[PDB]
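Q:
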Amino acid sequence: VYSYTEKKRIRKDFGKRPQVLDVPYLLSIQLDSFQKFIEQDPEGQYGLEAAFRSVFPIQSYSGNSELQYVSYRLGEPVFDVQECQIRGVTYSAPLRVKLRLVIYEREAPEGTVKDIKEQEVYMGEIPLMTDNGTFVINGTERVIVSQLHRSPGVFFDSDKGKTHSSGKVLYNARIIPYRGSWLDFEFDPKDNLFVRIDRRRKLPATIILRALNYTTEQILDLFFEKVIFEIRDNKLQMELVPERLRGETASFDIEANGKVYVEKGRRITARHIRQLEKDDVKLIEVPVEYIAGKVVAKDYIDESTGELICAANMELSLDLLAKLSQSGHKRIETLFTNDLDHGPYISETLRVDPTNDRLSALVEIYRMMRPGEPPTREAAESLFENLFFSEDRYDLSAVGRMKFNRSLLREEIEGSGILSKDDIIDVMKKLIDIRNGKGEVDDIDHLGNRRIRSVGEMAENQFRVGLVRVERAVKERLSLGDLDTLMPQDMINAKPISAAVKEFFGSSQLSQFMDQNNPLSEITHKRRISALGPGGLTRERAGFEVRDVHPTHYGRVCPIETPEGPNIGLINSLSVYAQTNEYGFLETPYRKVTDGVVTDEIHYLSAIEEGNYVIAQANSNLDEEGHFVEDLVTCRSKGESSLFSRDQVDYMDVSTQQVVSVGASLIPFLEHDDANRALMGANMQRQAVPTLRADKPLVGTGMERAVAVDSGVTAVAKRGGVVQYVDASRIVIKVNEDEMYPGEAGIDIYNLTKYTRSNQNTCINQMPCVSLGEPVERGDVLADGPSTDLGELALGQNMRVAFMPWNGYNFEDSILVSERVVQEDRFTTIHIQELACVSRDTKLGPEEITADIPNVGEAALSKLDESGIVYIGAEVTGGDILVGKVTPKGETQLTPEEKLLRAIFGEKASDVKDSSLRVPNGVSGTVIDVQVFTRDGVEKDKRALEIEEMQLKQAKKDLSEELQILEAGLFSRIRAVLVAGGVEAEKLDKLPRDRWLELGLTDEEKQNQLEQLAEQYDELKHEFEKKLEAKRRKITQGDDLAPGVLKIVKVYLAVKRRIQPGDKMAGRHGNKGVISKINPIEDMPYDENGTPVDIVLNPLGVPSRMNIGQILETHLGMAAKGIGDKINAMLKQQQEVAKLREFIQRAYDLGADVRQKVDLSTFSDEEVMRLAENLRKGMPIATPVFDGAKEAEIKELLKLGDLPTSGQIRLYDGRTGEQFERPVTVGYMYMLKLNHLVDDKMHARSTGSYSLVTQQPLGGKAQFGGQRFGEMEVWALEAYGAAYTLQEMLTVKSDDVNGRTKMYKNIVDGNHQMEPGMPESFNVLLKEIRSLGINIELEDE
Amino acid sequence: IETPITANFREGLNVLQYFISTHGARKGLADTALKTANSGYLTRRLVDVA
Amino acid sequence: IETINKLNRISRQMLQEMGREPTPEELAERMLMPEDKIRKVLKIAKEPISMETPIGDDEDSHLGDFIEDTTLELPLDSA
Amino acid sequence: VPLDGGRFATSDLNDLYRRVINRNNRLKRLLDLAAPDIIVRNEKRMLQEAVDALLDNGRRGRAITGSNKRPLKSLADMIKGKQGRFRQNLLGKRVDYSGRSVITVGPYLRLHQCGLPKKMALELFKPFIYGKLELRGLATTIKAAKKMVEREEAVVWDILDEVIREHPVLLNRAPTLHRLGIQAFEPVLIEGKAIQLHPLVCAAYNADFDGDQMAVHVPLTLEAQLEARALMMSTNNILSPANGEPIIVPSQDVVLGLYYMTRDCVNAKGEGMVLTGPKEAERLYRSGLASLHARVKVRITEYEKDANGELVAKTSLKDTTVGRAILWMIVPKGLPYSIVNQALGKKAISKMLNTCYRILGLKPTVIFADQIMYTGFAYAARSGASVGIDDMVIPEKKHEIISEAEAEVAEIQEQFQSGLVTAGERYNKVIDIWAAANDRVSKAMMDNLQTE
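Residue numbers (full-length UniProt numbering), protein chains in the order written: chain A, 2 to 1342; chain B, 755 to 804; chain C, 457 to 535; chain D, 253 to 704.
Spelled out as structure tokens, the structure:
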């Protein structure tokens, strides 16, 4: 049923809700981004082929030649991931691209059969992904962080609050392209419409319409609705739709085939418009003054002569109606104007804008584009076609086109790469409808308005940039000259593409280093979603309302995961079950519920599909065989809670464990804690360093099994088998012949490498823990990593907290520890270091490495080799020679006193300088291994022989072992041939193995079989000699080194970092504090058994720091370790296995409403003994998130451990021996060790080297420096009665050279005088003032 | 908005109110992260003339 | 500058034809030049680095740091 | 300057002053020959743009781009912007002799010293133990004293212990938003690589014990020695100007243990028995046959100030306890009996320190506060408080509160369908009902936690 690693040991999971299919693969986001990018597409509208279709084919200006594209392929990598982890030279894979050259003819217009050539043109390098998930770049593993930007779409925004304080509501429209000019439409407070094409200056609305060759009547026909006014010889009669007089005062008597309907002065009410709709009145007699004052639409020309009586956008008068009546134009089509409901504002824009045709519009548009140029037509028209109607220079993001069609309410999800003329009209009509009050302003913080920038999409962007950086020169070389003898191989370059790729992968602010502290922080840094990037959410203009979490982030984005301070919660991380679709949005699964019957099938929902209907939550009570319990079930309706009936429930989630990320959900008691300390828990765990030898934790979740093997830190078995050999450096396996590959025998040899370096200076071991050969299968654990014990994560280890007040030592959130933590190397972390050697050629002499160094005694040279290198494992001390180095010296120019000393004593002091590698304030330790790089031109000179034989021992000897494993089956097949050929049973074991080919049998098929066996042995020898030469060739040629440098010697260290009495280390709920000095086991309290308290915490920290999970976590740890102590007490006697079996069965059936029925009766006796040896140190508990143990279970589970339901049993004093007045809990809980180590941050200086400008006394980490003070400390010291100690800090110890020169002489002679002189930084200030060209002086006193 | 919490930190609360409480927690964290710059520039203003 | 441009064009053509890094031994065998001269020309040609060079994301880490002046000697030697 | 990797470090000012002189020489070459006027005016406004860019580049709409794809920084940007030649090196800059480390909780001492570590005291008092070692004649030259101080013999630590005594050293914590962040104390030789600090004066630092690594600044000269001596000690500046109350008052484990220590209740184990002497009362408490909250009749010797500095002894029958008698034995020769005759808690210790600092003295007030924090650290560890799930309680009233609340919400849902309930009236009704419910929960919790 379960895995064999869970047959070895298993824990208790309560599970008050039944679960469906568990956590998917954790790194599916980072891997699929590439799998959609590198892998070949048959339809080809994906990956690189999208760029190769968008750019290629390229057509030159002459048109006589072009370039065509077919496909691409990838080659095999030269170096492996292990050699690129050890040394590291640009781990990638070369790209192979075939191209064809098409040259047209001069006489024929389409002579494409003139010159057709096919060859290979090199592109550059493309880095692959170590499937574990690390970008391997030159020995330093990295990743890149996924971005979070606003994406191409048409959503709206409101402009209120600060600007336009008169009280005018103004909106705006923003069209978001992908590569081009960002389109902006905004409003005006005097009821107009503005256009800001790539915003620098405002433009009217109708100029972009008149630039598209539009007239006035076409605009008035498309946008406005036209009303025809008719005249029959005496009157004015109109064709009025009756639902148009809403909110208009009637100023005349309405007589339409009956009585007077509406009185003069009465507003049109509901029954009046109802009766006018029922009567179906076609013609309404309106008076003269109603039409006189309106605006006509068409240009009503004269039929007599042809002149313009009235034009468009002209106000009517009393004489104009008489002229139109005498002219015979009885079809006055007056525009319908409704100021309350409709918008006549584009007619006001036509009133403001004086432009008439396209020629008057394009001049103003081209002057708005680039001022300082005479206006032309062809250049402006070509600029318009390349900025608005182009495809190669203007892309529009087909997913964004689908979003355009969704926002404009269309039915076609596909589109072109250019802007059509109907889209602008539709978005202006939508903007007018929003201005009229029919629309709705979309908020920015929707999840449908942000698109995930993954690895592959940003790689597509960088590939497009690097290809536009080459294709211009490609077009120039096509239009350069002759084409017959010129080949396309020497035309397309390979430097800019690969250079842009390597500079983006090694210079971008998102491409940063990893965090090799603990693998949960590794997963955190993997699936991290940032907001800052190439023009994203800059923190200077950070969204004040964007920073607040949106209510649609329920189940998509983890609400609490950020570091406090400058990197505020804008940068987040996605949740557990949520993945990304191929469009680029977030989605989460929900299960199907059909008419109350809860089925099993699940489906994914997008961002815009959540706020439409009922989404149910997991804490509702569910019943057997499908139906519900309570009639009132709370759910989520459009982002709000509601209480309703049964049949309205549409969908439902699977379980609660999803709304937080993995770093929050590893905390089992998050549901009993406040959100602030649960936010603080994430950046308390993600900087934790594991110890040397930790144990199995107590309080975990069931999701520790995922983040394990699914992270990738443990060794994963490929297909299983039987383990043949077990060692602490190498393990092998014998795969069964049923699952064996049909080609040949496959043996999974594991060349595991221990103790590799990290850039956070951590120690990594992968701890081979397997026993002798057991049958293993797919998905097992073979190597427990540096923070895992038996597969699952062992981050730290549990202590015994008795939070009780002490004599001033547990004062304000501090920690008292015992002396038993030092004895068994508990809380011991190992920090290793990396150093390097330099050796560069000079103009007087190259650098050499000799052990013979002048003016150095033999006591410091006895630790070195004959070449001058410290032995492996030699105990180093600060002030010793690490790498011996001589340096050629020039001319000796000294004082005559030292020359007199040289003349008296008589030392020659030849030109050899002492520039050997020494450690400044050397932290002592142990050298791990010395790695020395060699030079192709310079002889290696005797040093790297031993590490060369070590590289030969990790070489072919393992291949010789694999060849011996294959040779065993080969000899078995030879024996199977020789037995079946003839009767040979006693004359084969006595003869040697090599004396078998000389035996000649009869002429039959066994002679051909023996010939094929001899040819197979010769083929195995010929295959062995190839990699026998090839491994030595790779070791020889794998020494690419920086120019101008001869050789580099690496020196490692190992400190092992014992416990200092002041550190930074805490629990999991965010109570960060400082451990005080170590009190012994004698002063600290104890119990009735005699065991002293291990650790003491803050007693008043509990009600003030609002942490509740601490107490029941302590009770669970105490009860579980009491159960483990009862198991140990049963183990102390040679006891019958039957009552132990009953004990384990009752301990697994202790829960009443518990799930996960343990298949316990099928274990053998040795498996029960191994389960007892595993549960020796306590049976661990597993409580899921947002589903906790009720206190009755805690009481009945600690009553099992012989406790009177209190947990506070008789702490005795260690100083006087008395008993306390009220007892304190002596329970057990779980805590972690952090990364903030004491002397790595602590540094202090006395002297050193000074800088250039104001001599700038250097400081920092590993620089031997100190601390300055700002102007705040200046104000603080001027707040006192102190006058010139601040002035001393200003000049004397800072920049006064003669001042500190006199000061050091006063201290070394015992004078203690200050004598202030002149600050040099003020002189630098005076010179910077005089560098401008104005006078400044010092008036003499 | 209408419905408050029903349980407390001891009895255990649900997922919905826990999602609601983040709106008040992280907004206050943003306020105490951003208000210090203005307070510091004001206490710069007051000592600047002096 | 002419010799640097010639060696750059030959190195670009050699990386285009072969497919790996332009090792200067083949350049010395082709252009009949000594190897130390090729090392000297490849070593001299390098653009200097500016005095600001923004490393970190904040506006605190710039130059005027990690570079020291060796003319100002120790006060202990003067004592 | 050449770097360690052979690279060159030049400035952009070199590029500006190179291009200006280049185009000045090109203007000289154009003016020494017959040049067209368009070329001459082109060279002139190029020279104009280059000189005004060398003066201040990048305050108009367009600047010089194409150095390292970053906008260019000129000579005026060292002064004008955030880079700030003034702010970086003129009113505050980098100074020698300092150090910082993690603060560590230990009282361990009297109030005038706070736990400076061993190796930082060796490193920062190093020229001092050259100067006071070369004079006494335990070394020939200072170059031999180099070796004698890196070999680290015990006599070097003896001379260092002679140097460290009577030397108040400044300690400040960034940021210093108030003046009490900087103050001086003299070191003591401890073991470890972490600094320590006096726990009672932590209200003046506004710091919690989690880290942040505050700095230490050493005075050198004798005038700086006296400046660090007189107006830097916390006994000399004890009260802040801003409020009408001092900020060396505690609110901590001291106050919690003192409130547990001065509390009384009528119980068993020797109540109401009369003794003469509070030292006899504390001896009877330490003998074991007593109670900490018992009512014990102790004759209290009460003093009272005269008109010009004398005392009058008045011993009578006063109603007191064991802990109040011990706290009366804490104070030497001072405040009347009405001070100690109340439940001493949060405001009461501030009232005691406020009357003590104002009426009687300065140095007995420092000793009195030191004995307060001593007896607080004693009776806090004597108290031994704890927090469990059975300590905090929630009664059975909460189910009735939730039932009445959901019944009134159901009444709102029934009255909403009548057609006379708007959104604002229902919103105000929900606010009023749930506010009354929260007040009823608060009053029930107060009435159930003050009892039992």
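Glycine included, each C-beta is placed from N, C-alpha and C at the ideal position.
Is any beta-carbon of chain A found at less than 8 angstroms from that of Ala-501/C?
A: Within the third sequence, residue 501/C is the residue found at index 45, counting from 1. Contact with chain A is absent for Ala-501/C, since none of that chain's Cβ atoms lies less than 8 angstroms from the residue's Cβ.
Q: To be precise: take each residue of the region 1042-1067 of chain A, compare its Cβ to all Cβ atoms of chain C, and keep it if any distance is under 7 angstroms. Which residues remain?
A: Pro-1044 and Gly-1045
Q: Beta-carbon within less than 8 angstroms of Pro-567/A's beta-carbon, same chain only, minus the 5 sequence neighbours each way: which residues are those?
A: Against the first sequence, residue 567/A aligns to sequence position 566. If we look at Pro-567/A and ignore the five residues flanking it on each side, its Cβ neighbours are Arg-540.
Q: Closer than 7 angstroms by beta-carbon distance: list the chain D residues that pair up with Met-507/C, in chain order.
A: Position 51 of the third sequence, counted from the start, is the residue given in the question as residue 507/C. Those are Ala-261, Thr-262, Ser-263 and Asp-264, listed as they occur along chain D.
Q: Taking a contact to mean a Cβ-Cβ separation below 8 angstroms, would you say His-273/A touches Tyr-262/A in this structure?
A: By 1-based counting over the first sequence, the position of residue 273/A is 272. By 1-based counting over the first sequence, the position of residue 262/A is 261. Against a cut-off of 8 angstroms, the Cβ pair of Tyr-262/A and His-273/A comes out as a contact.
Q: So the candidates are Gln-1220/A, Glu-1219/A, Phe-1221/A and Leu-1204/A; which of them puts its Cα closest to the Cα of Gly-1228/A?
A: As a working note, residue 1228/A is residue 1227 in the first sequence. Checking every option, the nearest Cα to that of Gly-1228/A belongs to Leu-1204/A.
Q: Determine which residues share a DSSP beta bridge with residue 1384/A and list them.
A: As displayed, chain A neither begins before 2 nor continues past 1342, which places residue 1384/A out of reach and without an answer.
Q: When Cβ atoms are compared, which residues of the region 758-784 of chain B fall closer than 8 angstroms to chain D?
A: Correct list: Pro-758, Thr-760, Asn-762, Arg-764 and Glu-765.
Q: Give the DSSP-derived three-state secondary structure of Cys-608/D in the structure shown.
A: In the fourth sequence, residue 608/D corresponds to position 356, counting from 1. Residue state, collapsed to three classes: helix.
Q: Comparing alpha-carbon positions, which option in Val-771/A, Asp-675/A and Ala-460/A lies nearest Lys-9/A?
A: On the first sequence, position 8 is the one that residue 9/A refers to. The shortest C-alpha separation from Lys-9/A is found at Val-771/A.
Q: Where does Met-644/D fall in DSSP's three states?
A: As a first step, residue 644/D is located in the fourth sequence; it is residue number 392 there, counting from the start. Here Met-644/D sits in coil by DSSP.
Q: Identify every residue that forms a DSSP beta bridge with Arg-592/A.
A: By one-based count along the first sequence, residue 592/A stands at place 591. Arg-592/A pairs with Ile-603/A and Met-653/A.
Q: What residues in the region 407-434 of chain D have a beta carbon less than 7 angstroms from any beta carbon of chain C?
A: none
Q: Any beta-carbon of chain A closer than 8 angstroms to the one on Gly-389/D?
A: Here the question's residue 389/D lines up with position 137 in the fourth sequence. For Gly-389/D, the answer is no, since every Cβ of chain A falls outside 8 angstroms of its Cβ.
Q: With 7 angstroms as the C-beta to C-beta threshold (strictly closer), list the residues of the region 1274-1287 of chain A near chain B in chain order.
A: The residues in question are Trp-1276.
Q: Whose Cβ in chain A lies nearer than 8 angstroms to the Cβ of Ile-523/C?
A: Here residue 523/C refers to the residue found at position 67 when the third sequence is read from its first residue. Residues of chain A passing the Cβ test: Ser-1252 and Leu-1253.
Q: May I ask you to report which of helix, strand or coil DSSP gives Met-124/A?
A: Stepping through the first sequence from its first residue, residue 124/A is reached at position 123. Reduced to three states, the DSSP call for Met-124/A is strand.
Q: When we look at the beta-carbon of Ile-209/A and count the other beta-carbons within 10 Å, is it buried (16 or more) or exposed?
A: As a first step, residue 209/A must be located in the first sequence, where it is residue number 208. Counting C-beta atoms within 10 angstroms of its own C-beta, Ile-209/A has 16 or more neighbours from the protein chains shown and is therefore classed as buried.
Q: Using the rule of at least 16 other Cβ atoms within 10 Å of the residue's Cβ for burial, across every protein chain shown, is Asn-519/A buried or exposed?
A: As a position in the first sequence, residue 519/A is number 518, starting the count at 1. Buried: at least 16 other Cβ atoms inside 10 Å.
Q: Kindly give me the distance between the Cβ atoms of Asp-959/A and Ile-748/A, rounded to whole angstroms, as I take these residues to be in contact under 8 angstroms.
A: Position 958 of the first sequence, counting from 1, holds the residue named residue 959/A. Position 747 of the first sequence, counting from 1, holds the residue named residue 748/A. Not confirmed; about 11 angstroms, so no contact.
Q: Got a sec? Which residues, its chain only, sit under 7 angstroms from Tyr-1281/A by beta carbon, not counting five neighbours each side?
A: For the purposes of this step, residue 1281/A is taken as the residue at position 1280 of the first sequence. Counting only residues of its own chain and dropping the five nearest sequence neighbours on each side, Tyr-1281/A has no CB closer than 7 angstroms to any other CB.
Q: Where are the beta strand (DSSP E) runs, 3 residues long or more, that stay fully inside the region 807-850 of chain A, in chain order?
A: 815-818 and 833-836
Q: Check whether the Cβ atoms of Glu-672/A and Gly-778/B sit closer than 8 angstroms, and answer yes or no.
A: Taking the first residue of the first sequence as position 1, residue 672/A is located at position 671. Taking the first residue of the second sequence as position 1, residue 778/B is located at position 24. Result no, Cβ atoms of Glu-672/A and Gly-778/B do not sit closer than 8 angstroms.
Q: Suppose you measure from the CA of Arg-799/B to the CA of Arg-425/D; what does that come to, to the nearest Å?
A: The sequence position of residue 799/B within the second sequence is 45, counting from 1. The sequence position of residue 425/D within the fourth sequence is 173, counting from 1. Taking the straight line from one Cα to the other gives about 22 angstroms.
Q: Just to check my reading of the structure: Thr-350/A and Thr-207/A have Cβ atoms closer than 8 angstroms, yes? What is that Cβ distance to the nearest angstrom?
A: Residue numbering aside, residue 350/A sits at position 349 when the first sequence is read from its first letter. Residue numbering aside, residue 207/A sits at position 206 when the first sequence is read from its first letter. At roughly 5 angstroms, the Cβ-Cβ gap stays under 8 angstroms, so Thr-350/A and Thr-207/A are in contact.
Q: Restricting to Cα atoms, I'd like to know which of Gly-440/A, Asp-320/A and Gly-1271/A is closest to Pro-427/D.
A: Translated into positions along the fourth sequence, residue 427/D becomes position 175. When only C-alpha atoms are compared, the closest one is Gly-1271/A.
Q: When DSSP labels each residue in this structure, what does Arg-1147/A get in the three-state scheme?
A: Here residue 1147/A corresponds to residue number 1146 of the first sequence, with the count starting at 1. It is helical.
Q: Name the two residues that bound the continuous beta strand (DSSP E) containing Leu-309/A.
A: Counting from 1 along the first sequence, the entry for residue 309/A is found at position 308. From DSSP, the beta strand (DSSP E) with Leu-309/A extends over 309-311.
Q: Quick one: what does DSSP say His-777/B is sitting in, helix, strand or coil?
A: For the purposes of this step, residue 777/B is taken as residue 23 along the second sequence, with counting starting at 1. Annotated three-state conformation of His-777/B is helix, per DSSP.
Q: Under a three-way DSSP split, which group does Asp-413/D fall into?
A: As a working note, residue 413/D is residue 161 in the fourth sequence. Helix at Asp-413/D.
Q: If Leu-452/D and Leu-508/D are in contact, beta carbons under 8 angstroms, what's the gap, nearest whole angstrom?
A: Counting from 1 along the fourth sequence, the entry for residue 452/D is found at position 200. Counting from 1 along the fourth sequence, the entry for residue 508/D is found at position 256. Not really, about 14 angstroms apart at Cβ, beyond 8 angstroms.
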